[PDB]
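Working notes, structure below.
The sequence lines fix the lettering, A, B, ..., with proteins before strands; numbering per chain opens at 1. Note: hydrogens, waters and symmetry copies are ignored here, and every other heavy atom, side chains too, is used.
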Amino acid sequence: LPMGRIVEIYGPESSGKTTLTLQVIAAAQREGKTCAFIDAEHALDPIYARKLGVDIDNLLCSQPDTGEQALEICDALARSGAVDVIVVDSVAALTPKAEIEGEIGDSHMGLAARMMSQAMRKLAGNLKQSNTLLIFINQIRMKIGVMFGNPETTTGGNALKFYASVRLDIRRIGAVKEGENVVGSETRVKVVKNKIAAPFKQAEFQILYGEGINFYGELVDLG
Amino acid sequence: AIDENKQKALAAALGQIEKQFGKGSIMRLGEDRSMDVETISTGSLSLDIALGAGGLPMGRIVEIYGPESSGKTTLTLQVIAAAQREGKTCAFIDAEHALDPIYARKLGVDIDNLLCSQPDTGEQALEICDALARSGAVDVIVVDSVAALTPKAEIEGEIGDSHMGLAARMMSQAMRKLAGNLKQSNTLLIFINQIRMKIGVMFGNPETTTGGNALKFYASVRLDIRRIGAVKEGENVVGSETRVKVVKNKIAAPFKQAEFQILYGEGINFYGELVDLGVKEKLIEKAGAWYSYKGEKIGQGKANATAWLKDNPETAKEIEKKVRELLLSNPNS
DNA sequence: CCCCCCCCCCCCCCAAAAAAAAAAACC
Ligand SMILES: Nc1ncnc2c1ncn2[C@@H]1O[C@H](COP(=O)(O)OP(=O)(O)OP(O)(O)=S)[C@@H](O)[C@H]1O
Ligand SMILES: Nc1ncnc2c1ncn2[C@@H]1O[C@H](COP(=O)(O)OP(=O)(O)OP(O)(O)=S)[C@@H](O)[C@H]1O
Ligand SMILES: [Mg+2]
Ligand SMILES: [Mg+2]
C-alpha cells in the first residue's frame, strides 16, 4: 500500500476488513512506525488486536463522538508528521453533528456526502507532505429503483472513489474446517482501483480465528 | 535526533486534540479501560459457552432472529431476569404489541421494575432507545421486532402505498446515532428480528431479516434461534427443544451452537444443560440410559436425572463450579 | 485672510440514500 495516499477497503459483513487493517498496522509497528485507529463503529477488541500481533501499548486509539471530530483528529495527526498509518473503521459510522443533535426520522440530504467531499480536499495534501497512509473501511448498501450498473453501493457519497489510490473489495468465499470445528474463513480480495500499478488482480488466502492471515498457506499456493 | 522531534510533535498534537475535544479524546489502547469487553449471562450456560466470552457484551448491539415461535421473546426475557438479579435496570420496547406480563413474571422478571413502552411509530421507538441510552441509568434495552418498527409516513399513508427503502433508511440512521451513545453509557441494545423470503435470488439461502442491511454490520453478536423438536411428559407437549447458532461474533470465535429446552411457564431448563455438560466433561457417567455421579445412580432418563439435581442443591453447585472453571475460553476478570 | 464639500457598488452553490416480498401439484 502506498505512503502519502488514501486507501479504501470495503465489503460485506464479517468479510475480514478489520482483521486485514490490523495485520497492516502489526507489520508497520514491526518496522518501527507509529499507528492510530479511529474506531467510529465502537467495536474494537484490544485482546484480539494483541493476538494478530499489534503492540497495544503503542497503538493510538480514539472513539470519536461525531464524524467531524473523527476527521479533525485525522488532519491533526496527519499535520504532526509523527503518525505513519491511520485506520478509520467505517465511513458508515461517521455521523455529522447536525444528525447527532437531531431526531431519528429527520432528513439531512447529502450532509455526510458533503462532509466527506470537504474532508478529502483538506486531507489529500496534508497526507502527502507527512508521508502518512490513511485507510478508510466502508460498508456495502443496496441501490434501489432504476439502476445504472450493479446495485451494491458504498456509504458516504462519491468523493472517496476519486481520491483513493487503491480500492480493495474483500469477501468471505467459504469455511476452513478441522473436520467439524469451523476454525477460519477462506477470503478473496479484488483490486478494483489502482493508480500505482495495473488493477483487477485478485488474492486468495485464509483468515484463521485468533491467528489472522495464514502466511504458510499462501507460501504453499505460490510455491 | 529525529526520534525526539517526532515525540515532541506527537506530544503537542495529542495535547491540542485533548484541548479541542476533551480529556480521553485520544490515548494508547493498552491504557484505555473503557475499551475492555464486559459481559452478562444469557440465562443459558450452553449459550454462554458458545459466545466464547461468557455472555453478551455491554455497550454493543445484539440481533436475535428466527422463525415463528422459536423462543426469541422468551430468550430476551431470561437475559433481563438474569440482569435484574445482578441489580441492573432493564427496558422492553414492545413494537409487536404482544407482551404478556403474567408470563414475564413466571420466567422470573421483576415486572414492577421493568420499564415497558408500546410505541406508535418506529421513529418514537428508536428516539426512546436514544433517550434511555444517553441517560446512563438503563443497562439493557430489548426492542421486540424490527419488523413492527413502522415509519410515520407509512402509518399516516394508505395500505398499498409504496415507501421505497424508508424503513431501511430509518434503521441506517438509528445505527449511526446509537452506536456511540451505547458505548459511552455501557448499555446493551438487543434487536429481535423476523424472517422473510427473498425471491428472484441466486443459489444462496432465500431467508432474509427485515429493516435492511445496516444492523448486520453494527451488531457485535447475531443469534439464529430455531425450534428443532418437542419435549413430552408422555402425551402432553410440555416444552420446546431449541438450537441457537452464533452467526456473527466480534468478541470471540463464531459458528458455535447451543442446544437447550424451553419449558412452557418456567423458561430455559438450567439443570437440563448442567446434566449434558457434566456428561461431556466426564463428571457424570451415562451407561446406556442410566446417569451416575461418582458411582451413585442419580436416575434413569434425562428428566429423572434433572429431577435428582433439583432436590440436591450441593451436587448442582459442585458440577456448575467445575464446568464453569473448565469450558469458558475467554473469561474477562 | 477667509472658509469645505460630498459616496459608491455585490458576490458565488453543494451534495445521496435505501429494499421488499412467494406462489403452486402432477399422475
Ligand atoms: N475477537 C475475535 N475472536 C475470534 N474471531 C474473530 C474475532 N473478531 C472477528 N473474528 C472473526 O474473523 C472474521 C473476520 O472478522 P472481522 O475482521 O471483524 O471482519 P469485518 O469485516 O470487520 O466484520 P464487521 O465489522 O463485524 S461487518 C469473522 O469470521 C469473525 O468472526
Ligand atoms: N404466555 C405463555 N404461556 C405458555 N407458553 C407460552 C406463552 N407465551 C409463549 N409460550 C410458548 O413459548 C414458546 C416460545 O415462545 P416465544 O418466546 O413467545 O417465541 P417468539 O419467537 O417470540 O414467537 P412470536 O413472537 O410469537 S413469532 C412457544 O412454544 C410458545 O407457545
Ligand atoms: Mg469491522
Ligand atoms: Mg415474541
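At least one donor-acceptor pair under 3.5 Å links the side chain of B/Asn193 to the backbone N or O of B/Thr210. Between the side chain of B/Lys250 and the backbone N or O of A/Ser14, no donor-acceptor pair lies under 3.5 Å. Not a single donor-acceptor pair under 3.5 Å links the side chain of A/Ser80 to the backbone N or O of B/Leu10. Between the B/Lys248 side chain and the B/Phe217 main chain, a donor and an acceptor come within less than 3.5 Å of each other. A donor-acceptor contact shorter than 3.5 Å links the side chain of B/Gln78 to the backbone of B/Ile268. A distance-only check finds no donor-acceptor pair linking the side chain of B/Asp144 to the backbone of B/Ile192 [under 3.5 Å]. Of the possible polar contacts, none joining the B/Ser145 side chain to the B/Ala147 backbone as a donor-acceptor pair under 3.5 Å is found. Distance alone, capped at 3.5 Å, places no donor-acceptor pair between the B/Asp3 side chain and the B/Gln7 backbone.
Shown here are the side chain to side chain donor-acceptor pair (under 3.5 Å) partners of A/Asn214, two or more places apart in sequence or in another chain: A/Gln206. Every residue meeting the side chain to side chain contact (heavy atoms under 4.5 Å, CB included) condition with B/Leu29, not counting sequence neighbours, appears here in chain and number order: A/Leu44, A/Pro46, A/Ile56, A/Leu59, A/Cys61, B/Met35. In this structure A/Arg50 satisfies the salt bridge (charged side-chain N to carboxylate O under 4.0 Å, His left out) test with no other residue, sequence neighbours excluded. Partners of A/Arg5 under the salt bridge (charged side-chain N to carboxylate O under 4.0 Å, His left out) rule, at least two apart in sequence or in another chain, do not exist in this structure. Taking the side chain to side chain contact (heavy atoms under 4.5 Å, CB included) definition, one finds that A/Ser130 meets it with A/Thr132, sequence neighbours left out. When the side chain to side chain donor-acceptor pair (under 3.5 Å) test is applied to B/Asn249, no partner is found at least two apart in sequence or on another chain. The salt bridge (charged side-chain N to carboxylate O under 4.0 Å, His left out) test applied to A/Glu186 returns no partner, not counting sequence neighbours. Every residue two or more places apart in sequence or in another chain that forms a salt bridge (charged side-chain N to carboxylate O under 4.0 Å, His left out) with A/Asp84 is listed here: B/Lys6.
Note that CG of B/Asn186 is 7.5 Å distant from OG of B/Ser34, once rounded to the nearest 0.5 Å. Within the model, atoms CG of A/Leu94 and CE of A/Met116 stand 6.5 Å from one another, a figure rounded to the nearest 0.5 Å. Rounded to the nearest 0.5 Å, atoms NZ (B/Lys245) and CD1 (B/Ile225) are 12.0 Å apart. Distance CD/A/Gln29 to CG/A/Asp57: 10.0 Å, rounded to 0.5 Å. The structure places CD1 of B/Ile26 at 4.5 Å from CG of A/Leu77, a figure rounded to the nearest 0.5 Å. Interatomic distance, B/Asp224 CG to B/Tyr65 OH, rounded to the nearest 0.5 Å: 4.0 Å.
Across A/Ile86 and A/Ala78, no two heavy atoms sit closer than the pair CD1-N, 4.4 Å. Nearest heavy atoms, A/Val182 versus A/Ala175: CG1-CB, 4.2 Å. Scanning both residues, B/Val221 and B/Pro57, for their nearest heavy atoms gives CG2-CD, 3.9 Å.
Ion pairing between A/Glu41 and A/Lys17 fails under the 4.0 Å rule for side-chain N and carboxylate O.
Considering only heavy atoms from C-beta on, B/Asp276 stays 4.5 Å or farther from B/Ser46 through its side chain. A/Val7 places a side-chain heavy atom less than 4.5 Å from the side chain of A/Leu133.
Within the structure, every pair that satisfies the side-chain hydrogen bond (donor to acceptor under 3.5 Å, both in side chains) test and touches residues 24-33 of chain B, not counting sequence neighbours, is listed here: B/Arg33-B/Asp36. Listed by first then second residue, pairs satisfying salt bridge (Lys or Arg N to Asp or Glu O under 4.0 Å) with a partner in residues 176-192 of chain B read A/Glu99-B/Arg176, B/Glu127-B/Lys177, B/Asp130-B/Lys177, not counting sequence neighbours. Among pairs with a residue in residues 206-223 of chain A, none fulfils salt bridge (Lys or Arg N to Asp or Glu O under 4.0 Å), at least two apart in sequence or across chains. For residues 149-166 of chain A, the set of pairs meeting the salt bridge (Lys or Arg N to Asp or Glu O under 4.0 Å) definition, not counting sequence neighbours, comprises A/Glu152-A/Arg171.
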message: Run the side-chain hydrogen bond (donor to acceptor under 3.5 Å, both in side chains) test on B/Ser44 and B/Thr42 for me, step by step, so that the C-alpha distance in whole Å, both residues' side-chain angles and the decisive distance to 0.1 Å come before the verdict.
response: CA-CA 5 Å; B/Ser44 172; B/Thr42 61; 4.8 Å; no
